[PDB]
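J.:
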Amino acid sequence: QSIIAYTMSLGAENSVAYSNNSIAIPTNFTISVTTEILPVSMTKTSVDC
Amino acid sequence: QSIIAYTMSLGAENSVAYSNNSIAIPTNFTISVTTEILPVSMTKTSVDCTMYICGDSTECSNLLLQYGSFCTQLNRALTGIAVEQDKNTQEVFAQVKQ
Amino acid sequence: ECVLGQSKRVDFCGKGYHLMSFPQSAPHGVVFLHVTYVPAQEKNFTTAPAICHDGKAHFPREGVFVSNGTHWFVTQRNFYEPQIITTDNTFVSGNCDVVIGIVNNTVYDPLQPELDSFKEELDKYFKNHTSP
Amino acid sequence: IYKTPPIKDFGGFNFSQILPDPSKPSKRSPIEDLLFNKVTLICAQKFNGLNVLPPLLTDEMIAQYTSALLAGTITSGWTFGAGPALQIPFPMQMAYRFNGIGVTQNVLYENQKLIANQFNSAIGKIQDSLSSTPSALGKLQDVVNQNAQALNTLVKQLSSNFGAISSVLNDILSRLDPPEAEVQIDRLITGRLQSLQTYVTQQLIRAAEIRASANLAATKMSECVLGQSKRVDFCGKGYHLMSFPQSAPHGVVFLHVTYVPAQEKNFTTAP
Amino acid sequence: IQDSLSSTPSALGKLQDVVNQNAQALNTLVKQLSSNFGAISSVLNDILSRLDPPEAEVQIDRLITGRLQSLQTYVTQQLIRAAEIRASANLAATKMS
Amino acid sequence: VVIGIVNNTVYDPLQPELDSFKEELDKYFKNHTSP
Ligand SMILES: *[C@@H]1O[C@H](CO)[C@@H](O[C@@H]2O[C@H](CO)[C@@H](O[C@@H]3O[C@H](CO)[C@@H](O)[C@H](O)[C@@H]3O)[C@H](O)[C@H]2NC(C)=O)[C@H](O)[C@H]1NC(C)=O
Ligand SMILES: *[C@@H]1O[C@H](CO)[C@@H](O[C@@H]2O[C@H](CO)[C@@H](O[C@@H]3O[C@H](CO)[C@@H](O)[C@H](O)[C@@H]3O)[C@H](O)[C@H]2NC(C)=O)[C@H](O)[C@H]1NC(C)=O
Ligand SMILES: *[C@@H]1O[C@H](CO)[C@@H](O[C@@H]2O[C@H](CO)[C@@H](O[C@@H]3O[C@H](CO)[C@@H](O)[C@H](O)[C@@H]3O)[C@H](O)[C@H]2NC(C)=O)[C@H](O)[C@H]1NC(C)=O
Ligand SMILES: *[C@@H]1O[C@H](CO)[C@@H](O[C@@H]2O[C@H](CO)[C@@H](O[C@@H]3O[C@H](CO)[C@@H](O)[C@H](O)[C@@H]3O)[C@H](O)[C@H]2NC(C)=O)[C@H](O)[C@H]1NC(C)=O
Ligand SMILES: *[C@@H]1O[C@H](CO)[C@@H](O[C@@H]2O[C@H](CO)[C@@H](O[C@@H]3O[C@H](CO)[C@@H](O)[C@H](O)[C@@H]3O)[C@H](O)[C@H]2NC(C)=O)[C@H](O)[C@H]1NC(C)=O
Ligand SMILES: *[C@@H]1O[C@H](CO)[C@@H](O[C@@H]2O[C@H](CO)[C@@H](O[C@@H]3O[C@H](CO)[C@@H](O)[C@H](O)[C@@H]3O)[C@H](O)[C@H]2NC(C)=O)[C@H](O)[C@H]1NC(C)=O
Ligand SMILES: *[C@@H]1O[C@H](CO)[C@@H](O[C@@H]2O[C@H](CO)[C@@H](O)[C@H](O)[C@H]2NC(C)=O)[C@H](O)[C@H]1NC(C)=O
Ligand SMILES: *[C@@H]1O[C@H](CO)[C@@H](O[C@@H]2O[C@H](CO)[C@@H](O)[C@H](O)[C@H]2NC(C)=O)[C@H](O)[C@H]1NC(C)=O
Ligand SMILES: *[C@@H]1O[C@H](CO)[C@@H](O[C@@H]2O[C@H](CO)[C@@H](O)[C@H](O)[C@H]2NC(C)=O)[C@H](O)[C@H]1NC(C)=O
Ligand SMILES: *[C@@H]1O[C@H](CO)[C@@H](O[C@@H]2O[C@H](CO)[C@@H](O)[C@H](O)[C@H]2NC(C)=O)[C@H](O)[C@H]1NC(C)=O
Ligand SMILES: *[C@@H]1O[C@H](CO)[C@@H](O[C@@H]2O[C@H](CO)[C@@H](O)[C@H](O)[C@H]2NC(C)=O)[C@H](O)[C@H]1NC(C)=O
């Protein structure tokens, strides 16, 4: 185990085949549930000089 | 040639013909391209406290300690800004996964 | 919102109706190129809210009734392309005594010529078949 | 700039309450007039460097702009935003709006008189609604009150002495010799500079807040008046139909005309 | 979803800092009370009882200036953070609606 | 005028119904030939 430095990755390359006479259509689907968090209020305060 | 001060004009007045049994329809069309420009990031920055106010001296190194921890306070805010810039550009240009 | 999809919000992806867009980088900035669609030269016509033929009224499924002065047709809103007023273009609802400003004309069923031709063929067959 | 036609027949719809009044000496409508009447020590500010610079766009110009927008909306629907203005009778425009909601347009043609009467009565109510409560426009009086209070606080805080012998520097100048006074003037200068720093910071923050509000108002104007928005509870409450803008001192007022079902009957269903 | 909220602790980080930073700021204020601000000693009662009153006014003025400056700094910080939170809350309300 | 069109017959749903009706009518005509 050690610490390592490197140029980070941009992602995974995935080329897509393109043509002037062909199309792609799905056949199955799936349902997903995602979570997102939003702050709303901060703590009140008051000072006596 | 000289300079003139006058009252504003909002443009060319153009009324429209209105009736209860007539409309207008276009037959031809045009395709256009419009440019928009938006800022994203500002240059990161960092500042040293003692070396700026009294760099390369010794009496100031004694005097400043009396006042408090301003030099520790400022760097936290500047660090927050520095991280925020990276967060901004990551948010803008990383909407795609492959 | 203006790149990965097509947005209906007005002026949010360029003036006019929105079609698509492209991004471009710039020093500490982004430049968007919005490709959009705008209506060109126009001509005016004479309209009518509805039409009544058999005591009942017809309303367009999509589009509007138009008339150059002699006959009536159905048109898409943003492109002039007159079409003969058939059955499929309109739907009926109620009689024509309620709508204010209705106008008179005929409606031509697209399938009536088919059945009429079949009836004509039946008449021809009867004429041929009477003799034997 | 678009101009309303001299004739005002719109198939039973009445717009007198919002169009400009040629009779009044000012070119403004009644609602704008009530709002202008609704919203409302100085000779020390102009004697201590404090000043107010008059705005560029005078309010008559704003009224002209709003009248142009209203006339365009009335006589063009929404195509005057996307491109060339194309006229269309008002009844068919409302039919297209009802079709956009999701209700077939015949329902408008059958019940035109009812909808026209409801429209006129609903607009008639709002004049009384504004004239009754005096706290409706608090969001507009708030900014003026806060700005005046802050500036007056500055000119009041000018009075302190910041530890010097006297609160007015002319006293020290005419009371001691220079090389001793150069000590007392320093404290006054430092304190007053601190006061200016704080005031400017407060003003910057408030200006940022107002800019955010102005951008929201611009988006609302673009996406409500110039067209029709499917976003829920953005252009009014309920199902959105159309909108009308009006001016007001350092503000803007929106009247969203919206649609909502009233009576319900239940039945047995089958998928 | 349950597993995620029971496994990834940092997923709630956006709701943690809004607390922690707050506390940190306030704590700094209290520590600024221990500062000297260029006087004889930070304890007010000490110099109050250890000197005659024709010149201690200078010491008191020093302390007053320093403490008001620090407290004003804290107020400005709170104002800016409150503006940011207001923007976030408006976005959340729109997303809800 | 369109680019890339391809050849195929378009099925007309009314055509089989009219074919059945025509065949039934011609059956009835063949029945009526005797009288
Ligand atoms: C579309 O994708 C779904 C999700 O994979 C497919 O449903 C899945 O179908 C498989 C095979 O029919 C199921 O596996 C079976 O599980 C039962 C136990 O319930 C087991 O006894 C069988 O031997 C087999 O392993 C799988 O459970 C099921 N998914 C779920 C969530 O129930 C679906 O078939 C796909 N549709 C098409 C048209 O391909
Ligand atoms: C809709 O608008 C377009 C754009 O104006 C029209 O296309 C234009 O058609 C005219 C006449 O065919 C073209 O004029 C020609 O110009 C060439 C030189 O470029 C000249 O040598 C020819 O003798 C002729 O004058 C014009 O170029 C063409 N516009 C473009 C951009 O190619 C179109 O006809 C309009 N259609 C309708 C239905 O309104
Ligand atoms: C308004 O629209 C109507 C409908 O298109 C126009 O009437 C049409 O006019 C054309 C040209 O005059 C007719 O076509 C010609 O018909 C004659 C029949 O004598 C034939 O010999 C020609 O070879 C050619 O086909 C067309 O029949 C006629 N429409 C109908 C239903 O009869 C009318 O001209 C338009 N008016 C205006 C001011 O735009
Ligand atoms: C559209 O076509 C209809 C025919 O379906 C036209 O209706 C005709 O209207 C006239 C005058 O309104 C009728 O003459 C008078 O009608 C009244 C009753 O409305 C009757 O009491 C009088 O004795 C006299 O007959 C005419 O009879 C009527 N035709 C039919 C067949 O009922 C209509 O005028 C056309 N134009 C529109 C609706 O703009
Ligand atoms: C849908 O709702 C509207 C609005 O309430 C209904 O129209 C209103 O119906 C009431 C009674 O049913 C009317 O009140 C009566 O008005 C007459 C004068 O017109 C008055 O003499 C009576 O004493 C009573 O106050 C009300 O006027 C009427 N609204 C309008 C604009 O005429 C409508 O009936 C409802 N639709 C259905 C199918 O029930
Ligand atoms: C779809 O089918 C049509 C015909 O049903 C094809 O059009 C025909 O294309 C051929 C060329 O491959 C040509 O046929 C020739 O016609 C001339 C007369 O012009 C004749 O002398 C030759 O012996 C030969 O039959 C002609 O361009 C055209 N003919 C017709 C009647 O349309 C079309 O190419 C087919 N397209 C596809 C994608 O299958
Ligand atoms: C189309 O709209 C115009 C209104 O712009 C109608 O009237 C024309 O108005 C312009 C200017 O107001 C005049 O220069 C034209 O001479 C007018 N037209 C005529 C025929 O006099 C015009 O009538 C409308 N088109 C139709 C077919 O009614
Ligand atoms: C459109 O407006 C015109 C002008 O107001 C109307 O024409 C007149 O309508 C009244 C009552 O409908 C008749 O008494 C007049 O005789 C009409 N004028 C002429 C010259 O005949 C027209 O009816 C309106 N059309 C619609 C659909 O509202
Ligand atoms: C639109 O509504 C206004 C408001 O009532 C109408 O103004 C009335 O005008 C008549 C004269 O025609 C006066 O006697 C009334 O006192 C006015 N009402 C007021 C002042 O509240 C106006 O006539 C209406 N316009 C249409 C076309 O119906
Ligand atoms: C149809 O709707 C009515 C009300 O609009 C329902 O009436 C309910 O009746 C029960 C029993 O008296 C009450 O406890 C409820 O409070 C009533 N509903 C309301 C909204 O007050 C009725 O049950 C519904 N029936 C069907 C078949 O949908
Ligand atoms: C689509 O691409 C294909 C492949 O390049 C082409 O289709 C045919 O290409 C052959 C040459 O290989 C030509 O002889 C045919 O005429 C082409 N058919 C058609 C219908 O064009 C062509 O480049 C493209 N086809 C299009 C655009 O229709």
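Chains A, B, C, D, E and F, in that order, are what the protein sequence lines are. Using the UniProt record's numbering, you'd call the opening residue of the first sequence number 690 and step up by one each time. Using the UniProt record's numbering, you'd call the opening residue of the second sequence number 690 and step up by one each time. Using the UniProt record's numbering, you'd call the opening residue of the third sequence number 1031 and step up by one each time. Note that the fourth sequence covers residues 788 to 827, 849 to 1079 in the UniProt record's numbering. Using the UniProt record's numbering, you'd call the opening residue of the fifth sequence number 934 and step up by one each time. Using the UniProt record's numbering, you'd call the opening residue of the sixth sequence number 1128 and step up by one each time. Built from N, CA and C at the ideal position, the CB exists for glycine as well.
Which residue or residues does DSSP assign as beta-bridge partners of B/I714?
T.: Within the second sequence, the letter at position 25 stands for residue 714 of chain B. Bridge partners of B/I714: C/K1073.
J.: Can you name the residues that DSSP bridges to D/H1048?
T.: Taking the fourth sequence and counting its residues from 1, one reaches residue 1048 of chain D at position 240. BP columns for D/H1048 point to D/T1066.
J.: Tell me, which residues are paired with C/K1086 by DSSP?
T.: By 1-based counting over the third sequence, the position of residue 1086 of chain C is 56. For C/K1086, which the question treats as bridged, DSSP gives the partners C/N1125.
J.: Run through DSSP, which three-state label would D/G1059 get?
T.: Reading the fourth sequence from its first residue, position 251 is the one you call residue 1059 of chain D. Strand at D/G1059.
J.: Of the residues that make up the segment 700-728 of chain B, which ones have a beta carbon closer than 7 Å to any beta carbon in chain C?
T.: For the segment 700-728 of chain B, which is checked against every Cβ of chain C, the residues closer than 7 Å are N710, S711, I712, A713, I714, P715, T716, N717, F718, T719, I720, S721, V722, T723, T724, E725, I726, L727, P728.
J.: Beta-carbon separation of D/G857 and E/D994 under 8 Å?
T.: What you label residue 857 of chain D is simply residue 49 of the fourth sequence in a count that begins at 1. What you label residue 994 of chain E is simply residue 61 of the fifth sequence in a count that begins at 1. Contact flag unset, no.
J.: Assign F/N1135 to buried or exposed, taking buried as 16 or more other Cβ atoms, counted over all protein chains shown, within 10 Å of its Cβ.
T.: For this step, residue 1135 of chain F is matched to residue 8 along the sixth sequence. Burial call: exposed.
J.: Would a check of beta-carbon distances place C/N1134 closer than 8 Å to chain B?
T.: Sequence index remark: in the third sequence, residue 1134 of chain C carries index 104 (1-based). No, because no Cβ of chain B sits closer than 8 Å to the Cβ of C/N1134.
J.: Ligand 11 and F/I1130: does the residue's C-beta get closer than 7 Å to at least one heavy atom of that ligand?
T.: Here residue 1130 of chain F corresponds to residue number 3 of the sixth sequence, with the count starting at 1. Indeed, a heavy atom of ligand 11 lies less than 7 Å from the Cβ.
J.: Below 8 Å, how does it come out for the segment 721-736 of chain B and the segment 1064-1078 of chain C: are there three or more Cβ pairs, yes or no?
T.: With a cut-off of 8 Å, the segment 1064-1078 of chain C and the segment 721-736 of chain B count as touching, because enough Cβ pairs lie within range.
J.: Give the single residue among D/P1069, D/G999, D/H1058, D/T1076 whose Cα lies nearest to the Cα of D/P862.
T.: Counting from 1 along the fourth sequence, the entry for residue 862 of chain D is found at position 54. When each option's Cα is compared against that of D/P862, the closest is D/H1058.
J.: Within 10 angstroms of its Cβ, does F/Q1142 collect 16 or more other Cβ (buried), or is it exposed?
T.: The count along the sixth sequence starts at 1 and reaches residue 1142 of chain F at position 15. F/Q1142 comes out exposed.
J.: Could you pull the DSSP bridge partners for D/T866 from this structure?
T.: The sequence position of residue 866 of chain D within the fourth sequence is 58, counting from 1. In DSSP, D/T866 forms no bridge with anything.
J.: Give a yes or no on whether 8 Å exceeds the smallest Cβ distance from C/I1114 to chain D.
T.: The residue you call residue 1114 of chain C lines up with position 84 of the third sequence. Answer no: the Cβ-Cβ gap between C/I1114 and chain D never drops below 8 Å.
J.: Exposed or buried, B/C749, counting other C-beta atoms within 10 Å across all chains shown (16 or more means buried)?
T.: In the second sequence, counting from the first residue as 1, residue 749 of chain B sits at position 60. Exposed: under 16 other Cβ atoms inside 10 Å.
J.: Helix, strand or coil for B/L727, going by three-state DSSP, please let me know.
T.: Numbered from its first residue, the second sequence carries residue 727 of chain B at position 38. Here B/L727 sits in strand by DSSP.
J.: Less than 8 Å between CB atoms is the rule here; does B/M731 satisfy it with respect to chain C?
T.: Here residue 731 of chain B is taken as the residue at index 42 of the second sequence, counted from 1. Yes, B/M731 counts as interfacial toward chain C.
J.: Quick check on this structure: which residue in A/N710, A/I693, A/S698 has the alpha carbon closest to the alpha carbon of F/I1130?
T.: Position 3 of the sixth sequence, counting from 1, holds the residue named residue 1130 of chain F. Of the candidates A/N710, A/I693, A/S698, the one whose C-alpha sits nearest the C-alpha of F/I1130 is A/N710.
J.: Since E/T961 meets chain B, which of its residues come closer than 8 Å, beta carbon to beta carbon?
T.: Position 28 of the fifth sequence, counting from 1, holds the residue named residue 961 of chain E. Those within 8 Å of E/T961 in chain B are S758, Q762.
J.: Which bits of chain F does C/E1144 rub up against, with CB to CB less than 9 Å?
T.: The residue labelled residue 1144 of chain C in the question sits at position 114 within the third sequence. What C/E1144 touches in chain F: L1141, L1145.
J.: Indicate the three-state DSSP secondary structure (helix, strand or coil) for E/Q957 in the structure shown.
T.: In the fifth sequence, counting from the first residue as 1, residue 957 of chain E sits at position 24. Helix, per DSSP.
J.: If the cut is a Cβ gap below 8 Å, which residues of chain C does B/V781 touch?
T.: In the second sequence, counting from the first residue as 1, residue 781 of chain B sits at position 92. By Cβ distance, chain C contributes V1060.
J.: Is the distance from the Cβ of C/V1104 to the Cβ of C/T1077 below 8 Å?
T.: Taking the third sequence and counting its residues from 1, one reaches residue 1104 of chain C at position 74. Taking the third sequence and counting its residues from 1, one reaches residue 1077 of chain C at position 47. Cβ atoms of C/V1104 and C/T1077: not closer than 8 Å.
J.: In terms of alpha-carbon separation, which member of C/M1050, C/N1074, C/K1045, C/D1084 lies closest to C/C1126?
T.: Locating residue 1126 of chain C in the third sequence gives position 96, where the first residue counts as 1. Closest option to C/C1126, Cα to Cα, is C/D1084.
J.: Using a Cβ-Cβ cut-off of 8 Å (strictly less than) and excluding sequence neighbours within five positions of C/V1094, which residues of its own chain qualify?
T.: As a first step, residue 1094 of chain C must be located in the third sequence, where it is residue number 64. Excluding residues within five positions, the ones whose Cβ falls inside 8 Å are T1077, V1104, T1105, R1107.
J.: Can you round the beta-carbon distance between D/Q1036 and D/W886 to whole angstroms, since I take them to be within the 8 Å contact cut?
T.: Numbered from its first residue, the fourth sequence carries residue 1036 of chain D at position 228. Numbered from its first residue, the fourth sequence carries residue 886 of chain D at position 78. Indeed, because the Cβ distance is near 7 Å, the residues count as touching under 8 Å.
J.: Is any heavy atom in ligand 1 found nearer than 7 Å to the beta carbon of A/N717?
T.: Locating residue 717 of chain A in the first sequence gives position 28, where the first residue counts as 1. Yes, Cβ of A/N717 sits closer than 7 Å to a heavy atom of ligand 1.
J.: Taking 7 Å as the cut-off, is the CB of residue 1223 of chain F close to at least one heavy atom of ligand 6?
T.: Outside the displayed range of chain F (1128 to 1162) lies residue 1223 of chain F, so it cannot be described from this structure.
J.: Ligand 8 heavy atoms versus the CB of D/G798: any closer than 7 Å?
T.: The residue given as residue 798 of chain D occupies position 11 in the fourth sequence. Checking the Cβ of D/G798 against ligand 8 gives yes.
J.: Between which two residues does the alpha helix (DSSP H) harbouring D/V991 extend?
T.: Residue mapping note: residue 991 of chain D aligns to position 183 of the fourth sequence, counting from 1. Unbroken alpha helix (DSSP H) run through D/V991: 986-1028.
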